[PDB]
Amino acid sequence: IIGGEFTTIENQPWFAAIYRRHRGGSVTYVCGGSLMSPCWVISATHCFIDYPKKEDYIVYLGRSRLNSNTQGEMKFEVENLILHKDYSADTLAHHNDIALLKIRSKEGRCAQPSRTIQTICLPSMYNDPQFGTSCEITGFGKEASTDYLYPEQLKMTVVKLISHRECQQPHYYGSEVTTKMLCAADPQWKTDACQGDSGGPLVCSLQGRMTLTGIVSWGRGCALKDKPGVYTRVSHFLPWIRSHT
């Protein structure tokens, strides 16, 4: 996250950290995700696309730091990994960038509720907040597009939703953005999501609930003027989610 503040998981108790193990000893961070229900985490397909070997990923819930433990964290293995059929990547966007990870503990259980682990709510069929709404994104991605490491402490920032009309202007992303995507940016292009933030949530309040309105998917650069962050529009994937959960 460029800008933003550092936080603890208490503040985003549904954020999931996904890592990959290597035959060598190291585990590296891949992407973020969100807990939907006790056994399911939702993220983005582009995060798994190149190495869809579920057995090598580890999911941690209740984690405030990246490579050091937090008291209360839970570790899970990926029992099922569901990527989207119709996922496509072009010279910028990712289409149908949503994925589901069913988690299993080494003891055979799914997540347990704590002060650091909670589920986020899903929206109702094609129901989104209006452009202008301030939503928050959270993650462990880069703080500067030029960095080559990720922060050790979790970060969060608030961004506002912008309309499709604004985002599809030729000097923004043109028709690279579709109705199944959403764009969010800071009015003064100061904060934004970036590499390493993929998969994590864009949360907004809808009808009184903190709802997962988007999943970090792509953007041109990070915090670039007229280059909003694009997210997968969850409200449009509800049928797909349902058929699997």
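One rule holds for the numbers: they count along the sequence shown, beginning at 1.
Higher average CA B factor: 25-33, of the stretches 25-33 and 214-222.
Relative to one another, 34-42 and 200-208 have unequal mean CA B-factors, and 200-208 is the one with the higher figure. You'll see in the entry that, of 144, 110, 121, 161, the Cα B factor peaks at 110. The residue among 61, 182, 194, 49 whose C-alpha carries the highest B-factor in the deposited model is 49. Among the modelled residues of its chain, residue 116 has a C-alpha B-factor that falls in the middle third according to the deposited record. Among all modelled residues in its chain, residue 134 ranks in the middle third by Cα B-factor.
Remark: residue 152 belongs to the lowest third of its chain, ranked by C-alpha B-factor as recorded.
Residue 166: CA B factor lies in the lowest third for its chain, per the PDB record.
When the modelled residues of the chain are ordered by C-alpha B-factor, residue 84 sits in the highest third.
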